[PDB]
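K.L.:
This structure is in structure tokens; I'll ask about it shortly.
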Ligand code: SF4
Ligand code: SF4
């Protein structure tokens, strides 16, 4: 799964780009790890590179 790190500026760009809609809005956005397919689309549109493969 991917994880949205502290860089997140809560722009909202990644949510509509997630093919399985597993991103939730918050102070910083968060991924529902169990549904994430590691497609990387969120990482692709993020202006600050917050979404990265989980550690
Ligand atoms: S990697 Fe894909 S499936 Fe996982 S949160 Fe990002 S866009 Fe959604
Ligand atoms: S696109 Fe990037 S900065 Fe914007 S909400 Fe998603 S993770 Fe946060």
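Start at 1 and count along the chain as shown; that gives each residue its number.
Looks like X-ray crystallography, 2.0 Å, at least that's what the header says.
Each Cβ is built from the backbone N, Cα and C atoms, and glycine gets one as well.
Quick paste from Swiss-Prot:
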| type | residues | note |
| --- | --- | --- |
| BINDING | 8, 11, 14, 46 | [4Fe-4S] cluster 1 binding site |
| BINDING | 18, 36, 39, 42 | [4Fe-4S] cluster 2 binding site |
| DOMAIN | 27-55 | domain '4Fe-4S ferredoxin-type 2' |
K.L.:
Which one is it: of the binding-site residues 11, 18, 42, 46, which Cβ has the fewest other Cβ atoms within 10 Å in this structure?
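P.N.:
Across 11, 18, 42, 46, these binding-site residues, the one with fewest Cβ atoms within 10 Å is 11.
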K.L.:
Are there residues at least six beyond either end of the domain '4Fe-4S ferredoxin-type 2' (27-55) with Cβ under 8 Å to its Cβ atoms? List them, or say none.
P.N.:
1-15, 17-20
K.L.:
Looking at the binding-site residues listed here (18, 36, 39, 42), whose Cα lies nearest to that of residue 8 ([4Fe-4S] cluster 1 binding site)?
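P.N.:
Of all the candidates listed, 42 is nearest in space.
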K.L.:
When you measure from the Cβ of residue 14 ([4Fe-4S] cluster 1 binding site), how many other Cβ atoms are you left with inside 10 Å?
P.N.:
23
K.L.:
Among 11, 36, 39, 42, which binding-site residues lie by ligand 1, judged by Cβ under 6 Å to any atom?
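P.N.:
What lies within reach of ligand 1, judged by Cβ under 6 Å, is 36, 39, 42.
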